[PDB]
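Peer 1: Residue numbers (the UniProt record's numbering), protein chains in the order written: chain U, 2 to 146; chain A, 2 to 146. C-beta: ideal position from N, C-alpha, C; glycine also. Input: one structure, supplied below.
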Ligand code: HEM
Ligand code: HEM
């Protein structure tokens, strides 16, 4: 199932992913927090999964939120680095899904991160073309949930 | 405390961590697996914590082990990248510790990784100087467990 989803990651998709990541991944703390705060602003219900982070309204200033946001970006860094070898991408994605499955995060719920990604990309001037590429990567993870 | 341990990362310690990581971090899949296989060989008692990975002796051929090993290297990548800002290093370390605390991994248990790191470092021509530098980094995580 995950292998099949990985099949949608074509040469053009992987190229747009790497190109956009070169910019987005250059400021992990800044963009990581931007992603999380956008998620919470657009889909307030998702906050229920993050009680441990405390007062998420503090954004960057919240050490726990900042710490989680940075770690999140290194997962994406991992995914991007494994794009040229489906076997490694798959094992890394499945490894990654384990904890989210335990937290009872469904594929539909996980898909809520697409809006935030689209907006973060746009803030850096990466249009719909890139947004669609990232939706495909997220789709690989969704297949593992 | 983790704050006091983080202050032990002096200028030269940070430099030796970077110089050595530049090499070790070049092959995350290869060195990550070697790191885990060495841990399981020198400390068989830790294998119990990794029941989910299945047959750990298969090494590289074990998809779950390969996935975990890669993820492990990106956590180290994360730590290395945060060396410039103590505040960020701390929040990333505490975030990382959460899951290990949940699995009941004590500071003494975590410290067993020092052996494997020293051996991998040595296999790449990095001696005691570097192994001790990494022990310092590991000690930051230990202070958070
Ligand atoms: C591309 C998007 C995402 C990435 C790359 C990502 C990455 C991560 C990473 C690396 C961790 C830390 C390791 C772990 O405990 O598994 C984590 C933890 C977590 N993730 Fe995800 N995640 C994403 C989206 C989501 C979404 C959409 C939700 C919620 C609806 C979610 C909920 C959680 C929770 C609850 C934790 C634990 C937070 C804490 O208490 O520190 N994740 N995620
Ligand atoms: C250089 C030291 C280490 C690093 C950087 C590291 C890194 C990681 C990472 C990134 C994960 C995946 C995210 C998560 O679930 O928290 C993890 C999982 C885990 N770690 Fe650590 N770890 C280290 C040492 C250890 C040691 C020494 C033990 C136990 C003796 C341990 C036990 C575990 C276990 C049981 C898991 C879950 C494995 C699975 O079910 O896939 N870790 N670790």
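Measure from the alpha carbon of residue 25(U) to the alpha carbon of each residue in 10(U), 71(U), 9(U) and 57(U), then state which is nearest.
Peer 2: When each option's Cα is compared against that of residue 25(U), the closest is 71(U).
Peer 1: Helix, strand or coil: which one does DSSP assign to residue 1(U)?
Peer 2: Chain U is shown only over 2 to 146; residue 1(U) falls outside these bounds and no answer can be derived.
Peer 1: With C-beta atoms as the reference, is residue 68(A) less than 9 Å away from residue 96(U)?
Peer 2: Yes, the Cβ-Cβ distance between residue 68(A) and residue 96(U) is below 9 Å.
Peer 1: Going by Cα to Cα distance, which pick from 22(A), 6(A), 9(A) and 4(A) is closest to residue 131(A)?
Peer 2: Answer by Cα proximity: 22(A).
Peer 1: Taking Cβ-Cβ distances below 8 Å as the criterion, which residues of the region 48-78 of chain A are in contact with chain U?
Peer 2: Within the region 48-78 of chain A, the residues whose Cβ lies closer than 8 Å to some Cβ of chain U are 53, 64, 65, 67, 68, 69, 71, 72, 75, 76 and 78, listed in chain order.
Peer 1: Could you give the distance in angstroms between the alpha-carbon of residue 143(A) and the alpha-carbon of residue 19(U)?
Peer 2: If you take the alpha carbons of residue 143(A) and residue 19(U), they lie about 35 Å apart.
Peer 1: Can you check whether the CB of residue 40(U) is closer than 9 Å to the CB of residue 114(U)?
Peer 2: A contact, by the Cβ cut-off of 9 Å.
Peer 1: Counting C-beta neighbours from all protein chains within 10 Å, is the total for residue 12(A) 16 or more, i.e. buried, or is it exposed?
Peer 2: So residue 12(A) ends up on the exposed side.
Peer 1: So which of 61(A), 93(A) and 122(A) has the shortest CA-CA distance to residue 154(A)?
Peer 2: Nothing in the structure corresponds to residue 154(A), since chain A is present only between 2 and 146.
Peer 1: Nearest-angstrom Cα distance between residue 36(U) and residue 120(A)?
Peer 2: Near 39 Å, if we compare the C-alpha coordinates of residue 120(A) and residue 36(U).
Peer 1: Verify the CB distance criterion: does residue 1(U) have a CB-CB separation below 9 Å to chain A?
Peer 2: It is not possible to answer for residue 1(U), since the shown part of chain U is limited to 2 through 146.
Peer 1: Please classify residue 56(U) as buried or exposed, where buried requires at least 16 neighbouring CB atoms within 10 angstroms.
Peer 2: By the neighbour-count rule (16 or more Cβ atoms within 10 Å), residue 56(U) is not buried but exposed.
Peer 1: Could you work out which residues of chain U lie near residue 28(A), taking near to mean beta carbons separated by less than 7 Å?
Peer 2: Here the premise fails: no neighbours, minimum Cβ distance about 12 Å.
Peer 1: Measuring alpha carbon to alpha carbon, tell me which of 14(U), 43(U), 90(U) and 146(U) ends up nearest residue 129(U).
Peer 2: Nearest of 14(U), 43(U), 90(U) and 146(U) to residue 129(U), Cα basis: 14(U).
Peer 1: Just checking residue 75(A) against ligand 2 - is the residue's beta carbon closer than 8 Å to any of the ligand's heavy atoms?
Peer 2: At least one heavy atom of ligand 2 is nearer than 8 Å to the Cβ of residue 75(A), so yes.
Peer 1: Hey, how far is the Cα of residue 134(A) from the Cα of residue 116(U)?
Peer 2: If I take the Cα positions, the gap works out to 42 Å.
Peer 1: Count the other C-beta atoms from every protein chain shown that fall within 10 angstroms of the C-beta of residue 49(A), then say buried if there are 16 or more, exposed otherwise.
Peer 2: Under this definition residue 49(A) is an exposed residue.
Peer 1: Just checking: is the beta-carbon of residue 99(A) within a distance shorter than 9 Å of some beta-carbon in chain U?
Peer 2: With 9 Å as the cut-off, residue 99(A) counts as an interface residue toward chain U.
Peer 1: CA-CA distance, residue 16(U) and residue 42(A)?
Peer 2: Each residue's alpha carbon lies about 40 Å from the other.
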